[PDB]
């Protein structure tokens, strides 16, 4: 909760210094225990894009890491939804 | 540097890499379907491709000139490949977004994949004439099912503009156009939940002069000479106008099949021939007045017919009598209300549904006309 809610409280543009580590960890692995790491992107898919129709370039590389990591993860049958709709509304 | 799709353009990357990977992966694995992560990635890329961008028209709208054509062609080809199988992954509704991506028709000269899908659909194109165990896909349970009706209805729907080839209008399209028109009876087979689910698709060229010039055409298309379709497409209008009855519940599909080709939905020569917009539309508007107002015909048979100064007063007076019957019914229900579960609640539901559908058909264009006439 304190990672979920402190972001979506006040500010619009603060998510540039943080998610370099999230991209590094999306390159690292896709652990089903660490599904919250996917859920922050899963809520940022709608709530991060506040108003103003901004870039797609940085967020491609997490999607390509998920494409490369489509083969390993199995046993996380419920968690597949989070990696899907990031590029739809962006 | 030329900012191509795969080279530079990130807007083209999500389409290019996804469609190329799909056409490489499942086009190869389709032989593996018919008898660790192949199934998981298959069900992943299924809905990642069907809903890569929910705004399918917004994706390929103005993102790139030629990439939309190549990618819509590859997507519809991949849809035509695995259309025959009966797997668990449902995409009959998801095909509607891909179909809507087309009119919101490009240059199909680069490849004839649309012709491939059309020829596969030509296996059982004429639905009621060819309905048998040799039906589409030759299936008993494989592809012969309920989803194909909605697929033909919504997925085959190009309302923007017919800039396609349309070269087989005398042989391929005319086959399902004419075998349907072989008789007045639609003649659907068992499990006929709705025989009008083919489409509201038919128009004037979109026995006949073009097919009469089979060697000559097979480039004098039938759409060029509008008189030959205009003869025998409009000749059947008087046949349906003559066929009627006093009892309403007998003829259920009488209004539906005529209302599509009769009125102003036929854009081909609607402004050229005034009869298609004026007289056939007047007949197709007057026929429901005698058809639906009888209480014998139920709403479930003619529930959703989504599609004039003369018939306006007739509808108003007959609906005044119908609402007076509803009010007498309400006065009856107030005095010693019996068990509403048996026939009264369903009667009120049927009356409300009929009145709401009539009011909605008035609110399409006739409500503003009624306001203007009342002011006049």
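Methodologically, a virtual Cβ is constructed for each residue, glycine included, from the backbone with ideal geometry; neighbour enumeration extends over all protein chains shown. A short reminder: the numbers here are calculations on the coordinates, not readings from a lab.
Normalised by the number of residues in chain A, the mean separation of alpha-carbon contacts (under 8 Å, six or more apart) gives a relative contact order of 43 percent. Computed over the range B:284-376, the P(r) tail beyond 17 angstrom holds 55 percent of alpha carbon pairs.
Secondary-structure-derived ellipticity at 222 nm for chain A, considering helices only, amounts to -10000 deg cm²/dmol, per-run term -39500 (n - 2.57) for DSSP H runs with n ≥ 4. Among B:24, B:200, which comes first, second and so on when ranked by fewest other beta-carbon atoms within 10 Å? The most exposed by this proxy come first: B:24, B:200. Here the scattering of the protein assembly as shown is modelled by Debye summation over its C-alpha atoms, one equal scatterer each and no solvent; at q = 0.12 Å⁻¹ the log10 of I(q)/I(0) is -1.16. Using a ≥ b ≥ c from the Cα gyration tensor of the range B:112-183 (square roots of the eigenvalues), is it rounded, prolate or oblate, where a/c under 1.5 gives rounded and otherwise the larger of a/b and b/c decides, a/b for prolate? Because a/c hits 1.5 or more and a/b exceeds b/c, the range B:112-183 counts as prolate. When the inverse distances between all different Cα atoms of chain A are averaged and flipped, the Kirkwood radius reads 13.8 angstrom.
Rounding to the nearest 10 and keeping the result within 0 to 90°, find how far the Cα-based axis of helix A:36-47 lies from the longest principal axis of chain A. Value to nearest ten degrees: 40. Compactness of chain B is given as radius of gyration and Dmax, 24.8, 85 Å, from Cα positions. Treating each Cα of the range B:203-337 as an identical point scatterer and summing with the Debye formula, the log10 of I(q)/I(0) at q = 0.12, 0.14, 0.16 Å⁻¹ comes to -0.61, -0.76, -0.90.
Which of rounded, prolate or oblate describes the range B:28-177 when judged by the alpha-carbon gyration tensor and an a/c cut-off of 1.5? The shape class here is oblate. Just check the range B:303-342 against the gyration tensor rule for me: Cα atoms, a ≥ b ≥ c as the square roots of the eigenvalues, rounded for a/c under 1.5, and otherwise prolate or oblate depending on whether a/b exceeds b/c. Cα axes put the range B:303-342 in the oblate bin. Estimated purely from DSSP H runs of n ≥ 4, each contributing -39500 (n - 2.57), the mean residue ellipticity at 222 nm for chain B is -15500 deg cm²/dmol once divided by its residues.
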